[PDB]
Amino acid sequence: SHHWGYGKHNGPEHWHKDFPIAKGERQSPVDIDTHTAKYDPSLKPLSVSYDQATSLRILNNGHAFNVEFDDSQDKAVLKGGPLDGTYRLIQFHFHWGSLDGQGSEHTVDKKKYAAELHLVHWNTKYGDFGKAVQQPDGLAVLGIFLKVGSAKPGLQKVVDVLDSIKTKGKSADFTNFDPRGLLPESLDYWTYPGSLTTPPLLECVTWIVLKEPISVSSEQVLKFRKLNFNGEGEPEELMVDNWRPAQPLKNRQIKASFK
Ligand SMILES: NS(=O)(=O)c1ccc(OC[C@@H](O)C[Te]C[C@@H](O)COc2ccc(S(N)(=O)=O)cc2)cc1
Ligand SMILES: [Zn+2]
């Protein structure tokens, strides 16, 4: 059974023993060297179309919390940019730190942000998420950095439900949540081919990482850090530092949408 996590004994340094692709050619996250990334004029405009998004539920899966969406139709899709065709939103989640100086998976010139939001989408040409993760162009993950400063009003509904999903396996109704309230003003981005950042580490992701971070309050991120990795009735282990460090870039080019 799966026993990977983020501890000294089951963390990122151990994952390769059960998931050998951990040492593969297109692993994520990476450090984004802003001076080596090249502006690509061939990139088409990015289209985030979340007007008809239908959120369903929020789940503590023991690694993060996921806000799940209805992906049975083209209700909330990502198109354009580096992408061919239509990618449907299935879930979002975050990665965060024990302190504000760490938490993000991607880094920018080695800078770590307090957290990183992942909006996960699958390519509709493969029919379902499970088929899409088997394909090199199966997923598109929109990554958004979080810095600590002013509160993000569009995050507060998420923060306020977390005490109902404290432990692994707990879920709560989470209808009528608008993920557009989690975006920054600018859609300027970097893109590169990579992987899932947790086991099974499948090399199926087109990464689109926004340049502009969102600001969240210290009080908002403190509520993320009150979650637990453990199940109810197990010793309490705070859900903090659920991020994989930067992996080798190898033979990849990061492309910028902006000058
Ligand atoms: N035979 S094989 O092709 O090698 C193969 C091996 C394992 C397979 O397991 C498929 C299952 O879907 C488990 Te992949 C869904 C799981 O919910 C994780 O999803 C994530 C979503 C986003 C991110 S992130 N942080 O990068 O945004 C991270 C994880 C399927 C095929
Ligand atoms: Zn993630």
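Hydrogens, waters and symmetry mates play no part in the numbers below; they use all other heavy atoms, side chains included. One is the number of the first residue; the rest follow in order along the sequence. Whatever order the structure lists them in is the order used to number ligands and atoms, beginning at 1.
Here the angle at the Zn ion (ligand 2) defined by NE2 in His95 and ND1 in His118 stands at 100°, rounded to 10 degrees.
Restricting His93 to its N/O/S atoms, the shortest distance to the Zn ion (ligand 2) is reached by NE2.
Remark: the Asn230 side chain and the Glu237 side chain contain no N/O donor-acceptor pair separated by less than 3.5 Å. Defined by atom type and a distance below 3.5 Å, a donor-acceptor pair is missing between the side-chain atoms of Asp241 and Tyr6. Remark: the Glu105 side chain and the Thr197 side chain contain an N/O donor-acceptor pair separated by less than 3.5 Å.
The residues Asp51 and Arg180 are annotated as salt-bridged, a charged nitrogen and a carboxylate oxygen being separated by less than 4.0 angstrom.
Ring centroids of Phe65 and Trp96 are separated by less than 6.0 Å, placing the two rings close together. Aromatic rings of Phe177 and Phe92 (six-membered ring for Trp) have centroids within the 6.0 Å cut-off, being under it.
Each of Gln91, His93, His95, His118, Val120, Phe129, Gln134, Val141, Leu196, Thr197, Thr198, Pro200, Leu202, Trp207 has a non-hydrogen atom positioned under 4.0 Å from some atom of ligand 1.
With a 4.5 Å cut-off on side-chain heavy atoms, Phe258 and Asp40 do not count as touching.
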